[PDB]
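K.L.:
Next up is a structure, given as structure tokens.
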Amino acid sequence: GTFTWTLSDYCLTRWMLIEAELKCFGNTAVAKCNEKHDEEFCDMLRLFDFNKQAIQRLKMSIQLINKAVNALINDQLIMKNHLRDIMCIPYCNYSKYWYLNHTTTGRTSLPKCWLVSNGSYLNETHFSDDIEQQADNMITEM
Amino acid sequence: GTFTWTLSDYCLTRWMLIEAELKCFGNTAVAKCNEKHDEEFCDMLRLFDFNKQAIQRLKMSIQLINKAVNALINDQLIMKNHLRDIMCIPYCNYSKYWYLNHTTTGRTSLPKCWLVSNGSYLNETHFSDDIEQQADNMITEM
Amino acid sequence: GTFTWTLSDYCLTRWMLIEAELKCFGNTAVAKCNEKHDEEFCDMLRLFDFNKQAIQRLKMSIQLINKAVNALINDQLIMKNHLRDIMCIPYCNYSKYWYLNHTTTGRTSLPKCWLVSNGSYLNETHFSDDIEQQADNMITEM
Amino acid sequence: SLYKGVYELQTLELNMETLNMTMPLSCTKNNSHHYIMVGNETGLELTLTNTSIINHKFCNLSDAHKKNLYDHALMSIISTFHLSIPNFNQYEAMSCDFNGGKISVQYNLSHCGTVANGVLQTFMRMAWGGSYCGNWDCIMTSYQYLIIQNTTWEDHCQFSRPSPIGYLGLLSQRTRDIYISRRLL
Amino acid sequence: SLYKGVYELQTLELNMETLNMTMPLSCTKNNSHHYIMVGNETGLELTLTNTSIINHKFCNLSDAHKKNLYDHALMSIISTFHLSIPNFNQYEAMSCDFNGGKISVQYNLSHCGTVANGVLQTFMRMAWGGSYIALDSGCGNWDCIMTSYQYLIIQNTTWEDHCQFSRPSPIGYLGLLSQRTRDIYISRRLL
Amino acid sequence: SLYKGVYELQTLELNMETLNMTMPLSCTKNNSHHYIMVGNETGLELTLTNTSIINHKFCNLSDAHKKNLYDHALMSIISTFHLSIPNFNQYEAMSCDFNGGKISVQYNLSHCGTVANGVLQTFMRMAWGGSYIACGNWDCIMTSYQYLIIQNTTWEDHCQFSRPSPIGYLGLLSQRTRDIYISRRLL
Ligand SMILES: *[C@@H]1O[C@H](CO)[C@@H](O[C@@H]2O[C@H](CO)[C@@H](O[C@@H]3O[C@H](CO[C@H]4O[C@H](CO)[C@@H](O)[C@H](O)[C@@H]4O)[C@@H](O)[C@H](O[C@H]4O[C@H](CO)[C@@H](O)[C@H](O)[C@@H]4O)[C@@H]3O)[C@H](O)[C@H]2NC(C)=O)[C@H](O)[C@H]1NC(C)=O
Ligand SMILES: *[C@@H]1O[C@H](CO[C@@H]2O[C@@H](C)[C@@H](O)[C@@H](O)[C@@H]2O)[C@@H](O[C@@H]2O[C@H](CO)[C@@H](O[C@@H]3O[C@H](CO[C@H]4O[C@H](CO)[C@@H](O)[C@H](O)[C@@H]4O)[C@@H](O)[C@H](O)[C@@H]3O)[C@H](O)[C@H]2NC(C)=O)[C@H](O)[C@H]1NC(C)=O
Ligand SMILES: *[C@@H]1O[C@H](CO[C@@H]2O[C@@H](C)[C@@H](O)[C@@H](O)[C@@H]2O)[C@@H](O[C@@H]2O[C@H](CO)[C@@H](O)[C@H](O)[C@H]2NC(C)=O)[C@H](O)[C@H]1NC(C)=O
Ligand SMILES: *[C@@H]1O[C@H](CO)[C@@H](O[C@@H]2O[C@H](CO)[C@@H](O)[C@H](O)[C@H]2NC(C)=O)[C@H](O)[C@H]1NC(C)=O
Ligand SMILES: *[C@@H]1O[C@H](CO)[C@@H](O[C@@H]2O[C@H](CO)[C@@H](O)[C@H](O)[C@H]2NC(C)=O)[C@H](O)[C@H]1NC(C)=O
Ligand SMILES: *[C@@H]1O[C@H](CO)[C@@H](O[C@@H]2O[C@H](CO)[C@@H](O)[C@H](O)[C@H]2NC(C)=O)[C@H](O)[C@H]1NC(C)=O
Ligand SMILES: *[C@@H]1O[C@H](CO)[C@@H](O[C@@H]2O[C@H](CO)[C@@H](O)[C@H](O)[C@H]2NC(C)=O)[C@H](O)[C@H]1NC(C)=O
Ligand SMILES: *[C@@H]1O[C@H](CO)[C@@H](O[C@@H]2O[C@H](CO)[C@@H](O)[C@H](O)[C@H]2NC(C)=O)[C@H](O)[C@H]1NC(C)=O
Ligand SMILES: *[C@@H]1O[C@H](CO)[C@@H](O)[C@H](O)[C@H]1NC(C)=O
Ligand SMILES: *[C@@H]1O[C@H](CO)[C@@H](O)[C@H](O)[C@H]1NC(C)=O
Ligand SMILES: *[C@@H]1O[C@H](CO)[C@@H](O)[C@H](O)[C@H]1NC(C)=O
Ligand SMILES: *[C@@H]1O[C@H](CO)[C@@H](O)[C@H](O)[C@H]1NC(C)=O
Ligand SMILES: *[C@@H]1O[C@H](CO)[C@@H](O)[C@H](O)[C@H]1NC(C)=O
Ligand SMILES: *[C@@H]1O[C@H](CO)[C@@H](O)[C@H](O)[C@H]1NC(C)=O
Ligand SMILES: *[C@@H]1O[C@H](CO)[C@@H](O)[C@H](O)[C@H]1NC(C)=O
Ligand SMILES: *[C@@H]1O[C@H](CO)[C@@H](O)[C@H](O)[C@H]1NC(C)=O
Ligand SMILES: *[C@@H]1O[C@H](CO)[C@@H](O)[C@H](O)[C@H]1NC(C)=O
Ligand SMILES: *[C@@H]1O[C@H](CO)[C@@H](O)[C@H](O)[C@H]1NC(C)=O
Ligand SMILES: *[C@@H]1O[C@H](CO)[C@@H](O)[C@H](O)[C@H]1NC(C)=O
Ligand SMILES: *[C@@H]1O[C@H](CO)[C@@H](O)[C@H](O)[C@H]1NC(C)=O
Ligand SMILES: *[C@@H]1O[C@H](CO)[C@@H](O)[C@H](O)[C@H]1NC(C)=O
Ligand SMILES: *[C@@H]1O[C@H](CO)[C@@H](O)[C@H](O)[C@H]1NC(C)=O
Ligand SMILES: *[C@@H]1O[C@H](CO)[C@@H](O)[C@H](O)[C@H]1NC(C)=O
Ligand SMILES: *[C@@H]1O[C@H](CO)[C@@H](O)[C@H](O)[C@H]1NC(C)=O
Ligand SMILES: *[C@@H]1O[C@H](CO)[C@@H](O)[C@H](O)[C@H]1NC(C)=O
Ligand SMILES: *[C@@H]1O[C@H](CO)[C@@H](O)[C@H](O)[C@H]1NC(C)=O
Ligand SMILES: *[C@@H]1O[C@H](CO)[C@@H](O)[C@H](O)[C@H]1NC(C)=O
Ligand SMILES: *[C@@H]1O[C@H](CO)[C@@H](O)[C@H](O)[C@H]1NC(C)=O
Ligand SMILES: *[C@@H]1O[C@H](CO)[C@@H](O)[C@H](O)[C@H]1NC(C)=O
Ligand SMILES: *[C@@H]1O[C@H](CO)[C@@H](O)[C@H](O)[C@H]1NC(C)=O
Ligand SMILES: *[C@@H]1O[C@H](CO)[C@@H](O)[C@H](O)[C@H]1NC(C)=O
Ligand SMILES: *[C@@H]1O[C@H](CO)[C@@H](O)[C@H](O)[C@H]1NC(C)=O
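Residue numbers (the numbering used here), protein chains in the order written: chain A, 9 to 150; chain B, 9 to 150; chain C, 9 to 150; chain D, 7 to 191; chain E, 12 to 202; chain F, 3 to 189.
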């Protein structure tokens with residue numbers, strides 16, 4: 009069973025983040041979440057939207073998320089991150105995320121989760137090739 | 009699980025609809041069914057497809073469908089629809105569908121299902137915007 | 009759910025291949041596995057991937073496979089092929105895989121199953137349509 | 007009838023009785039009743055009512071398996087129904103009364119958030135059409151008992167159109183939210 | 012031969028025997044056995060015989076868990092078999108002996124809608140490549156699976172290179188995990 | 003972070019306490035003491051200790067269901083945990099204590115491939131952060147602590163060391179019934 013939850017509004021909210029900012033993302037970048045599966049940021053954003061809808065309009069019980077989890081997040085992504093974790097290969101914290109912001113025109117690519125190994129993140133040197141590939145894709149969008 | 013089941017080369021039948029006379033779609037119209045993870049129409053054609061093969065190839069019992077559920081249709085779309093049913097927004101009963109055939113040729117948009125509201129079908133005005141987005145995407149495809 | 013295992017940098021060897029040696033696929037060709045969901049080659053390379061990452065980097069406990077079966081393959085395609093075998097439609101027992109090659113620069117399609125019909129491998133005359141589809145889709149490189 | 011340029015709104019609606027052979031199809035009929043048909047021969051009769059057709063609290067389930075006088079698809083459907091309750095803790099709320107293939111199972115439905123909540127939740131997911139908005143922790147339908155029994159098929163439904171989608175919904179989620187009962191499963 | 016001139020076909024063939032350590036492999040021999048590897052050394056023996064060897068209708072499964080002499084991965088495979096059986100109602104059929112850590116299970120196969128059809132369906136799904144030889148089922152006859160042999164004996168065994176009819180293949184077992192607890196009858200009110 | 007002269011990197015650290023009302027949140031204060039806060043309401047508190055709390059082998063769990071005093075969310079999570087063990091084959095390891103809805107469970111841990119391995123293997127997955135400190139091997143692992151106790155406690159700031167997040171618990175939902183041994187001939 010593949011995830012299906014089409015998000016609703018994506019523009020981030022100050023409460024969601026740890027440092028209160030009016031972070032916001034273009035519709036063109038966020039539209040990739042509907043089709044791509046392996047992404048981490050899209051699944052957390054689906055969970056955040058689900059929490060927003062539930063706390064806002066619906067009147068705590070665990071059965072709701074327990075039945076509706078797989079529409080919001082592909083559990084096998086969490087499985088894959090656990091498999092990465094048991095090996096010494098870096099894994100995804102789901103905590104810190106990175107992206108290339110185009111300051112001039114304002115457009116921005118889909119963020120990816122910053123990897124972690126041995127309790128510390130990789131300071132832009134182990135995975136800079138991934139950032140280069142993302143920048144190449146961003147140039148391809150031009 | 010995914011929608012691994014394929015569609016036999018596809019054309020709907022008189023007995024399979026009411027007030028319908030051999031309405032049948034183009035190959036490019038159904039081509040996206042091997043890619044889209046949120047479409048109800050593709051699920052329904054897959055369903056009637058495996059059924060057609062079940063009578064016309066296989067030799068009642070419920071073991072076959074219970075085996076085949078997650079190759080055929082992703083279950084979480086149904087959970088999604090039920091989830092939208094409880095949150096009071098329009099949901100989908102998988103009954104009535106809408107589509108746009110070009111006047112001068114048979115190339116046709118992929119149907120998306122009519123939305124229902126409190127046991128009554130939603131008016132055209134509420135999802136006229138969705139139809140406009142569909143038409144915009146269709147002319148972009150041209 | 010859906011597959012999420014990433015394919016490590018994916019060229020095979022005689023250690024994991026029966027007759028040929030050092031069959032090595034272009035990165036662009038294997039990149040199709042990230043998007044597509046209903047083909048067997050991606051499942052086989054995911055299998056062989058964590059095979060290498062399990063014999064190395066770790067130290068016959070079957071629990072490791074009893075957890076991540078869905079993250080690492082798509083069982084629904086296996087069950088689809090089993091239903092094909094019951095129906096006696098041509099199926100794929102995940103043994104022999106065909107593709108197109110040309111040595112002017114070495115591009116290659118992502119392989120597809122060589123289907124088996126009579127219990128012996130199906131001759132190319134029967135499925136000439138599908139290989140023709142792959143051939144005239146290959147030319148679309150612009 | 008042109009919406010945008012040379013594109014016109016046209017609609018098709020699917021037959022669902024054509025899907026009779028393979029899987030169960032669910033209807034509503036009245037406000038209270040809701041119905042299932044396994045093909046064109048037999049089906050299940052999900053009723054809500056004040057009257058209790060069976061009184062004894064026993065459920066000789068293993069004996070019912072032993073005698074094997076039942077129809078396999080029907081008790082498979084009720085097994086999907088019972089397993090798919092979210093949190094079934096009050097074990098005495100059910101009453102089965104299997105005898106000679108009869109499937110006359112009962113569920114008792116008597117601040118909120120009791121077993122009746124989960125029973126009505128699984129009910130409304132089973133027969134999606136016409137189960138009737140903000141209440142999710144406490145459904146609390148006024149009816150006092152739920153009953154499931156086998157029924158010879160006929161034209162039992164004209165109100166709500168048939169559809170398997172509720173049963174395909176409940177087919178998944180068979181073993182989520184269920185509480186542990188035995189120490190070592 | 013060559014399609015569009017430039018394109019020429021080439022074929023890829025997989026050696027599944029390398030899959031032994033990571034996950035189990037099933038293969039066929041002698042028309043009745045259908046042996047399966049769990050790892051490098053040991054495995055199960057999925058034999059069909061007329062001759063019974065568990066003459067008693069007892070299992071002592073809980074005592075088998077308590078003693079813990081058995082090997083864990085083998086009984087994991089047995090459980091994956093059992094919970095994957097569709098529509099299992101009778102219990103007096105299956106007779107199992109776990110004494111001394113040996114893994115022995117004897118499904119009694121002795122109108123096709125019975126325990127026999129379910130257990131043979133699960134059987135052929137596990138040993139996918141090369142199980143048509145076992146079944147006199149026909150084409151598309153998923154309703155009624157039948158076999159002349161009257162029993163199905165699962166037995167612990169050493170490996171000794173038993174593949175003689177079909178090659179190693181994990182596909183049946185790997186595809187059979189998702190059917191566990193997918194079609195099971197209730198047995199108690201508070202499960 | 004000057005990449006291509008045109009782009010810049012901006013990190014995105016997500017607060018995770020916003021998800022408190024909709025699903026459980028996992029924290030790890032000590033190296034050992036995991037915490038599972040469902041909300042401001044009472045939540046689970048997982049500990050590794052050498053000191054016992056049960057000292058009796060009975061787990062009157064069906065009686066606890068009959069009385070029906072436990073909070074439903076806590077019983078849901080503990081059922082999720084107990085079913086999520088990869089390989090449970092010693093009933094003697096578990097030991098419960100239910101009285102007036104109190105949630106109190108003890109797993110006895112005492113060379114490899116035993117109940118302790120599976121129990122602790124599931125234990126590290128309640129939260130990824132703060133657990134591994136308590137790589138070469140994961141299938142065969144053990145820890146010197148002798149008992150795993152599970153209790154209910156009110157919500158205090160038990161998330162000092164590790165960041166709150168629901169990742170582990172959401173991970174375990176699919177795996178709840180993934181690996182169980184048959185214990186009866188007819189399930
Ligand atoms: C998926 O489905 C395909 C197609 O069914 C399977 O592919 C075949 O599997 C069978 C399994 O038996 C293979 O059959 C064996 O092949 C051996 C090698 O072939 C040599 O000999 C033949 C003789 O005609 C030559 O044509 C060929 O070029 C080779 O030189 C044979 O040696 C086997 O028979 C003989 O050898 C054995 C072992 O010594 C003896 O026991 C026998 O008595 C006999 O002398 C046998 O024919 C077959 O080769 C595979 N390929 C084909 C032709 O399709 C896949 O295996 C299957 N995969 C899965 C996972 O299901
Ligand atoms: C494993 O065992 C099964 C079961 O056999 C029964 O149980 C065992 C324990 C013994 O008690 C048997 O006597 C029992 O029958 C065997 O399957 C049997 O296969 C045979 C054929 O191999 C089937 O024979 C039948 O023949 C019927 C017609 O009557 C026969 O006899 C008359 C009189 O001589 C003769 O004229 C006619 O031509 C036949 O030979 C026919 O109506 C029926 O449908 C069937 O074809 C028998 O019914 C099967 N049943 C059973 C229960 O076995 C397996 O063969 C055995 N394995 C092996 C390897 O032998
Ligand atoms: C299978 O178990 C039965 C039942 O024995 C009971 O359960 C056991 C786990 C253990 O606790 C026994 O003490 C219990 O009585 C066994 O049948 C018994 O066999 C013995 C020896 O012949 C006999 O004295 C008893 O009366 C029998 N009891 C019954 C109810 O038949 C049986 O032997 C066990 N099988 C194996 C292979 O161990
Ligand atoms: C990328 O950087 C631009 C430039 O700083 C950001 O634009 C700011 O957006 C915020 C709200 O998110 C406004 O308050 C600021 O005034 C904007 N600044 C300018 C100069 O226009 C943009 O938000 C950044 N995008 C992302 C996704 O982080
Ligand atoms: C499997 O073998 C059978 C028997 O040889 C084939 O059946 C015939 O195939 C021919 C091919 O020219 C057809 O013309 C006949 O109509 C078929 N007869 C029947 C009764 O089906 C069958 O085609 C083979 N399978 C294949 C090629 O996939
Ligand atoms: C289920 O099994 C129970 C086991 O106690 C049966 O209960 C007894 O049934 C007999 C039948 O002759 C009655 O005479 C007894 O009075 C019953 N026992 C008690 C304590 O009342 C029960 O009948 C079986 N059947 C059902 C439908 O529950
Ligand atoms: C079992 O499979 C392995 C591969 O998983 C086979 O290959 C050996 O694998 C080990 C590492 O696991 C290597 O060190 C050896 O060099 C490999 N040998 C060969 C010949 O490839 C192994 O041979 C298989 N075992 C059996 C008994 O067939
Ligand atoms: C639990 O999460 C809720 C939101 O889901 C938080 O409530 C917010 O609290 C902030 C505090 O500054 C207020 O500004 C917001 O208006 C509140 N939102 C709502 C919807 O009530 C709450 O603070 C969280 N509690 C904890 C302990 O983390
Ligand atoms: C991980 O960090 C710890 C901190 O104590 C250090 O001792 C250890 O060597 C590190 N491991 C690796 C592989 O870098
Ligand atoms: C990342 O940051 C650390 C902070 O101590 C610094 O020492 C290091 O040089 C930086 N770059 C790396 C690791 O590439
Ligand atoms: C094509 O449009 C015509 C316009 O008359 C309509 O009758 C028909 O239903 C349409 N067909 C499809 C397949 O959309
Ligand atoms: C909701 O249900 C009510 C029932 O009275 C109906 O009148 C109304 O049209 C429905 N839709 C909306 C959007 O309120
Ligand atoms: C579609 O909704 C309508 C509302 O009137 C209802 O009659 C019908 O049953 C629904 N279709 C289904 C459940 O297939
Ligand atoms: C929908 O709304 C429009 C508003 O103009 C109204 O004319 C129409 O009757 C409504 N109902 C329909 C189209 O069923
Ligand atoms: C295609 O053929 C060339 C011939 O040299 C070979 O090198 C290459 O590996 C082939 N492609 C694949 C995928 O094996
Ligand atoms: C396929 O069929 C053709 C035409 O009969 C035949 O010549 C050829 O040998 C067959 N096999 C292959 C591998 O092409
Ligand atoms: C029942 O199923 C058959 C075979 O698919 C179909 O032709 C027939 O129309 C169906 N009848 C009813 C009453 O649903
Ligand atoms: C339910 O259906 C029954 C059939 O006997 C009918 O008498 C009744 O009016 C319906 N409505 C209810 C109980 O509200
Ligand atoms: C149900 O449909 C089947 C199709 O095979 C037919 O044989 C049977 O007579 C039908 N039953 C009724 C009661 O119409
Ligand atoms: C239910 O099944 C029994 C046993 O086959 C049969 O006698 C009875 O007529 C069926 N219908 C009802 C309403 O009990
Ligand atoms: C249902 O439960 C109530 C108490 O909650 C009891 O009085 C009533 O008799 C029960 N009815 C049954 C089992 O039919
Ligand atoms: C092969 O099958 C025969 C008949 O069942 C049996 O006697 C023989 O022992 C078997 N041999 C092996 C080990 O395959
Ligand atoms: C595997 O099996 C072979 C033969 O039993 C044995 O020599 C070897 O030590 C075992 N271990 C490995 C990994 O090769
Ligand atoms: C399992 O099978 C082998 C061979 O049958 C036998 O040596 C052993 O006793 C059995 N159980 C154990 C303890 O391995
Ligand atoms: C298997 O079942 C048959 C059914 O006739 C019975 O006669 C036989 O004794 C049973 N055998 C065993 C070993 O349980
Ligand atoms: C564990 O937490 C307690 C307080 O709950 C504290 O006293 C102790 O130092 C912590 N760390 C340990 C035992 O390593
Ligand atoms: C937690 O929620 C409760 C219940 O709404 C509320 O009374 C309390 O103020 C909230 N915050 C806490 C305990 O920090
Ligand atoms: C745990 O088991 C060991 C087995 O020797 C025993 O000594 C210890 O007391 C047990 N713990 C409890 C709490 O029963
Ligand atoms: C559990 O139930 C048994 C039943 O015999 C009883 O003796 C024991 O005291 C109970 N234990 C607790 C802790 O209540
Ligand atoms: C995620 O990063 C935060 C940064 O403070 C750290 O505390 C936490 O342990 C990390 N979690 C994992 C699982 O690496
Ligand atoms: C607990 O007891 C074990 C067994 O002697 C010992 O290894 C350990 O250090 C003790 N203390 C703690 C805190 O686990
Ligand atoms: C656990 O819940 C019970 C419910 O009665 C409550 O009395 C008890 O105080 C809770 N435990 C703690 C440590 O707060």
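Built from N, CA and C at the ideal position, the CB exists for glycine as well.
Given the structure, does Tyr102/B come close to ligand 31, in the sense that its CB is under 8 Å from one of the ligand's heavy atoms?
P.N.:
Position 94 of the second sequence, counted from the start, is the residue given in the question as residue 102/B. No, the beta carbon of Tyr102/B sits no closer than 8 Å to any heavy atom of ligand 31.
K.L.:
Which residue's Cα is closest to the Cα of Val38/A: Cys96/A, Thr116/A, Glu132/A?
P.N.:
Sequence index remark: in the first sequence, residue 38/A carries index 30 (1-based). The shortest Cα separation from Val38/A among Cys96/A, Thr116/A, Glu132/A belongs to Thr116/A.
K.L.:
To the nearest whole angstrom, what separates the beta carbons of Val117/F and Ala95/F, a pair I think is in contact under 8 Å?
P.N.:
Walking along the sixth sequence from the start, residue 117/F turns up at place 115. Walking along the sixth sequence from the start, residue 95/F turns up at place 93. Between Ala95/F and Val117/F the Cβ distance is about 5 Å, and since that is below 8 Å, they are a contact.
K.L.:
Could you list the residues in the region 66–85 of chain C with a C-beta less than 8 Å from some C-beta on chain F, going in chain order?
P.N.:
Under the 8 Å Cβ criterion, the region 66–85 of chain C contributes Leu66, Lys67, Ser69, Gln71, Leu72, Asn74, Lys75, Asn78.
K.L.:
Should residue 153/A be counted as a contact of ligand 27 given a C-beta to heavy atom distance under 8 Å?
P.N.:
Examination of residue 153/A is not possible in this model, given that chain A is present from 9 through 150 alone.
K.L.:
Check the Cβ of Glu47/A against every Cβ in chain F and list those closer than 7 Å, keeping chain order.
P.N.:
Numbered from 1 along the first sequence, position 39 holds the residue referred to as residue 47/A. Result: empty, since nearest Cβ-Cβ is about 13 Å, beyond 7 Å.
K.L.:
In the DSSP assignment, find the unbroken beta strand (DSSP E) run with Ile154/D in it and report its ends.
P.N.:
For the purposes of this step, residue 154/D is identified with residue 148 of the fourth sequence, where counting begins at 1. Start and end: 151–154.
K.L.:
Taking 9 Å as the CB-CB cut-off, is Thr10/B touching chain A?
P.N.:
Walking along the second sequence from the start, residue 10/B turns up at place 2. By this cut-off, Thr10/B is an interface position.
K.L.:
Enumerated in chain order, which unbroken segments of the alpha helix (DSSP H) with a length of 4 residues or greater are wholly contained in the region 70–158 of chain D?
P.N.:
Counting whole runs of 4 or more residues, the region 70–158 of chain D contains the alpha helix (DSSP H) stretches 78–89, 121–132.
K.L.:
Nearest CA to the CA of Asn101/B: which residue from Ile186/D, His39/D, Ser32/D?
P.N.:
Translated into the one-based positions of the second sequence, residue 101/B becomes position 93. Among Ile186/D, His39/D, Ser32/D, the Cα nearest to that of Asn101/B is on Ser32/D.
K.L.:
Taking Cβ positions only, does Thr14/B come closer than 9 Å to chain C?
P.N.:
Taking the second sequence and counting its residues from 1, the one referred to as residue 14/B is at position 6. Yes - at least one Cβ of chain C is within 9 Å of the one on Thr14/B.
K.L.:
Which residues in chain F sit within 7 Å of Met24/A, going by Cβ to Cβ distance?
P.N.:
Residue mapping note: residue 24/A aligns to position 16 of the first sequence, counting from 1. Per Cβ cutoff of 7 Å: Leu16, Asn17, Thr20.
K.L.:
Can you have a look at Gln141/C and say buried or exposed, based on whether 16 or more other CB atoms are within 10 angstroms of its CB?
P.N.:
Residue 141/C sits at position 133 when you count from the first residue of the third sequence. Looking at its Cβ environment, which holds fewer than 16 other Cβ atoms inside 10 Å, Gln141/C is exposed.
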